[PDB]
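>
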Amino acid sequence: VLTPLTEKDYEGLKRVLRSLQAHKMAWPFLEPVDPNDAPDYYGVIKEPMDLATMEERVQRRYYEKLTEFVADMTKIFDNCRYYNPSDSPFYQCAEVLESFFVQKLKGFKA
Ligand SMILES: CCCNc1cc(-c2ccc3c(ccn3CCCN(C)C)c2)nc(S(C)(=O)=O)n1
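Offset between the sequence shown (1-based) and the authors' numbering: plus 64.
Right under this line is the structure:
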């Protein structure tokens, strides 16, 4: 996953993100969390991430490596499961959407 990203790669990456942004379980991860939404959220999580910031980032070719792309995506799943207890629907959203991301990510690697 260390090989530099090509222009063709970025097209693949854009679709993964749209695939993700359209998922019915992605609604808590589309935008940066609203501190009204989550009481103490920004005291708790040292590195928040959401799908608009990756979209911004892809757009701007922030990503030199798949490694770095998966890094950001996993941060969104990790943050939710850390901040949220195992039985929150937000946590279950993280479960559903991460396997989807792994399904889609497996598609891209091939
Ligand atoms: C009680 C703590 C629950 N914790 C949460 C809550 C949320 C959350 C809540 C509402 C939400 C969105 C997104 C839209 N809305 C609707 C209202 C949009 N505007 C700003 C008013 C997210 N996201 C996570 S998360 C990212 O999975 O960690 N955790």
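C-beta: ideal position from N, C-alpha, C; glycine also.
Answer yes or no: the CB of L66 versus the heavy atoms of ligand 3, is any distance below 8 angstroms?
No copy of ligand 3 appears in this structure; the ligands present are ligand 1.
> Give the DSSP-derived three-state secondary structure of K88 in the structure shown.
Three-state DSSP puts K88 in coil, outside helix and strand.
> Could you compute how far the alpha carbon of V80 sits from the alpha carbon of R121?
Roughly 14 angstroms between the two C-alpha positions.
> Measuring only from the beta carbon, is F165 closer than 8 angstroms to any heavy atom that is part of ligand 1?
Result no, Cβ not under 8 angstroms from ligand 1.
> So, using beta-carbon positions, are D114 and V97 closer together than 9 angstroms?
The answer is yes: Cβ separation under 9 angstroms.
> Rounded to the nearest angstrom, what separates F165 and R124 at their Cα positions?
In a straight line, the C-alpha of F165 is about 21 angstroms away from that of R124.
> Per DSSP, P68 is paired with what?
Paired residue(s): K129.
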